[PDB]
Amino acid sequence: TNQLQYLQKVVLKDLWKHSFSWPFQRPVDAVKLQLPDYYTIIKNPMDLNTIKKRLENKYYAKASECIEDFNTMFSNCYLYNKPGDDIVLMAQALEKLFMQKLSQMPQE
């Protein structure tokens, strides 16, 4: 659980504390945001709270399964949203930090 512990205690913590993480802290609320196509276009949604619960509940078999979920979260944001949107600028800044935290992760 070495790399899964670093994903929880360093990567997830430092993304959560970033000022732009708030849109990713819960699943997209399609009702309150009136985005009725979101869950049709995004078949495999993901968000930081789902990742937080999976790490707390030891749902992941391996670190790479948790990395796939962060990557899906970012990919979904770029797929659904438009290049000039606030949320895309926010995702890009959070993903840059993500890639730095992975570069500093110790080996298993």
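Rigid core (definition): largest C-alpha set, two forms, superposition within 1.5 Å. Each residue number is its position in the shown sequence, starting from 1.
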note = 19-27 or 90-98, the stretch lying farther from the shown form in 9 other deposited structures of this protein by root mean square CA distance over structures and residues, after core fitting, is 19-27
Segment of greater CA departure in 9 other deposited structures of this protein, 32-40 or 65-73, core superposed = 32-40
task = Tell me which of 82-90 and 21-29 has the higher mean C-alpha B-factor in the deposited entry.
result = 82-90
note = Comparing mean C-alpha B factor in the record for 50-58 and 33-41, the higher one is 50-58
task = Consider only the C-alpha atoms of the modelled residues in this chain, order them by B-factor as the entry records it, and name the third containing residue 99: lowest, middle or highest.
result = lowest
